[PDB]
Amino acid sequence: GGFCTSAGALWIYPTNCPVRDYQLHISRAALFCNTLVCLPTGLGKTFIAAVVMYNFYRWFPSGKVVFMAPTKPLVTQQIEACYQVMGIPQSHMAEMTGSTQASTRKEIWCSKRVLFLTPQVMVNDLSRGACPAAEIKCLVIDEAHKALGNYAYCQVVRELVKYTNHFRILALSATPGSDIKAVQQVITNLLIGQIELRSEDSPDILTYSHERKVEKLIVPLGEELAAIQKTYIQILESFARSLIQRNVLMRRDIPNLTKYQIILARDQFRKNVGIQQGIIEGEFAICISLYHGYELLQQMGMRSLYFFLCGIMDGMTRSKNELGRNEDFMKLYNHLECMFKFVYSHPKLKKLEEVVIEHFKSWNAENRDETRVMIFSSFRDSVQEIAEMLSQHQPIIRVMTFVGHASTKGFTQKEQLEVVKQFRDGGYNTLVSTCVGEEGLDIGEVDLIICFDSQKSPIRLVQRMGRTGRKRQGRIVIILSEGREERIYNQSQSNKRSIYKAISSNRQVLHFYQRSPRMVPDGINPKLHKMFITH
DNA sequence: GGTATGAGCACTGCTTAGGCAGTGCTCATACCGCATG
């Protein structure tokens, strides 16, 4: 399929940077079989992709190589980083996103050999015949753990296979899935023939990366929030009884239920008439909102609870009317209204402030290159509250929030990049980030990472810890409320080990795609050629 | 329920034109959630 016999004699490996065994072995593996590469962040998933893409570029000179990333900033970062490693002239490559008109993309597809794009552009260009589907010989998928359900990654492969089976897939993920079931879906969706995995624990990784120790700070909930929690549980009980009596909700202890368990109960209901549907849907929507509020109170604090409730109690939803007829709700809501110096709406926030102050004290005492602190909380109200709390210490602490595009106005792609550049240059020394700061964009190495919340899935914890590494031995602090939050953390670490074992096990836990094309003709055994690549 | 993201089209400012290059909007994805190999 257009394979260049002469180029097939060799596979070229860059020596610009010292050769690492794990990068040499994994690169070679990925040439001959569809591979999912799982390395810690900063240990060279991008380098391996560049090596693979450059050799496919050489081996299929009339073919195309495609690199997919989930965000526009990541596309730009990755084309730049891969350009530096590969021996491909700038004129043979292009970035393509929704910022390039579909009309222009057709000309870029035809004139370029390597394309870095968002997967939605690829889906659109395949369906509309702008992408010459048959000419694709290599497809690199970054953040490949996102290749679940009908995500654009899954759509690209399903559409491409209509036109050609003769391409290599390289998937890159530090965190292949939340569990085995998710890892199996990624393998199935992306036609993965094998996994090449190294952990922080891996000896061949320890050489090129400082081990980083996790500190846990357990914070008791305290009298004030305990008392509000106790009032909240009774409000929860009164609004959930209808679902207990309707038998749509199992009846499992009201205080121990989660918003996720009720969204599932609602979903199981929506697949099993008239006035009835309206009242049940209404009861479910009220309970899911209250249990959201309950989670905010336990994990984020009273200010987060208030702001969420204010969004509801600000139009006439049924939720607004019902909750408005409850005196305990309106008592609590009116109390939070009054409440909102700086108010410490969760004991975790006071503990977070102590840790950050002590870090800057200890750093400035050692007197000169500014320290960098990244704090992760999932909710926008928490991130703004944490930022306001730490703003009291300006300009010793120079805090900025890092949030997604949706409006608390939200940040555009351009505004996000300015905050990152400000963080890198020490304009800001402290970043408070939602999940947008966990994935892809090279923020830089950070001296202190703080996790304000915890999830049962291990993915986001590993991503958050990825923002510190070798260059400078970093510190990872995890602030947990005592009880549940401590168990969620213990579960995420157990789930991480479970996935590692399953991937590494001699027994076939995972079902790999067995029909990955060799791509190099069966006659040709390409020989390693190490060289200094010059542009 | 909130958190990201995306594309394509709307809208508007430019120093000098263009589907430029920005932000805004509507419509899609996905996750979270049992616990293990």
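Computed over heavy atoms, backbone and side chain alike; hydrogens, waters and symmetry mates excluded. Chain letters run A, B, ... following the sequence lines, proteins first and then strands; every chain starts at 1.
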TODO: Would you mind calling B:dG19 syn or anti? Take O4'-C1'-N9-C4 for purines or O4'-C1'-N1-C2 for pyrimidines, and syn is within 90° of 0.
DONE: syn

Sugar at [N]: north or south, per the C1'-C2'-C3'-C4' sign?
N      : result
B:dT23 : south
B:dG24 : south
B:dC20 : south
B:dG19 : north
B:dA10 : south

Whether [X] contacts [N] is assessed here as follows: a side-chain N or O lying under 4.0 Å from the phosphate OP1 or OP2. Is that the case?
X      : N      : value
A:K456 : B:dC32 : no
A:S178 : B:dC32 : yes
A:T434 : B:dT3  : no
A:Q261 : B:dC34 : yes
A:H405 : B:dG6  : yes
A:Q416 : B:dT5  : yes
A:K501 : B:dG37 : yes
A:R497 : B:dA35 : no
A:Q491 : B:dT36 : yes

- [ ] Between A:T104 and A:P119, just flag the one whose closest nucleotide in DNA chain B comes earlier from the 5' side.
- [x] A:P119

TODO: For A:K409 and for A:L264, locate the closest nucleotide of DNA chain B by heavy-atom distance; then report the residue assigned to the nucleotide nearer the 5' terminus.
DONE: A:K409

TODO: Have a look at A:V509 and say if it touches a base, only the backbone sugar-phosphate, or nothing, with a 4.0 Å heavy-atom cut-off.
DONE: base

Open item on the list: Is it the case that B:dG24 (base atoms only) and A:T412 (side chain only) share a donor and an acceptor within less than 3.5 Å, ignoring hydrogens and angles?
Closed with: no

TODO: Answer with yes or no whether A:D179 presents, from its side chain, a donor or acceptor under 3.5 Å of a partner atom in the base of B:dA35.
DONE: yes

Nucleotides 8-10 of chain B: which of its N/O atoms have a protein N/O under 3.5 Å away?
{"unit_1": "B:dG8", "atom_1": "OP1", "unit_2": "A:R105", "atom_2": "NH2", "d": "2.8"}
{"unit_1": "B:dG8", "atom_1": "OP1", "unit_2": "A:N124", "atom_2": "ND2", "d": "3.0"}
{"unit_1": "B:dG8", "atom_1": "OP2", "unit_2": "A:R105", "atom_2": "NH1", "d": "2.7"}
{"unit_1": "B:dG8", "atom_1": "OP2", "unit_2": "A:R105", "atom_2": "NH2", "d": "3.4"}

Task: Members of residues 288-305 of chain A that approach DNA chain B, where some heavy atom sits under 4.0 Å away - done: A:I288, A:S289, A:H292

Task: Euclidean distance, atom CZ of residue A:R507 to atom P of B:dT36 [Å, nearest integer] - done: 16 Å

Whether [Y] and [X] form a salt bridge (side-chain N of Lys/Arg under 4.0 Å from carboxylate O of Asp/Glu) is what I want to check.
X      : Y      : value
A:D142 : A:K45  : yes
A:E322 : A:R325 : no
A:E388 : A:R303 : yes
A:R270 : A:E281 : yes
A:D453 : A:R464 : yes

Open item on the list: Using every non-hydrogen atom in the two residues, find where A:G437 and A:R467 come nearest and quote the distance to one decimal.
Closed with: O-NE, 3.2 Å

Open item on the list: Distance check, P atoms only: B:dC11 and B:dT15, in whole angstrom units.
Closed with: 23 Å

Task: Span that lies between the P atom of B:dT3 and that of B:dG33, in whole angstrom - done: 16 Å

Open item on the list: Does the pair B:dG24, B:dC25 qualify as stacked when the test is that the six-membered ring centres sit under 5.5 Å apart and the ring planes lie under 30° from each other?
Closed with: yes

Open item on the list: Heavy atoms from C-beta onward define the side chain here; which of B:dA35, B:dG37, B:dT23 lies closest to that of A:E415?
Closed with: B:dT23

Open item on the list: Taking the minimum atom-to-atom distance to the side chain of A:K414, which one of B:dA7, B:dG22, B:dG33 wins?
Closed with: B:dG22

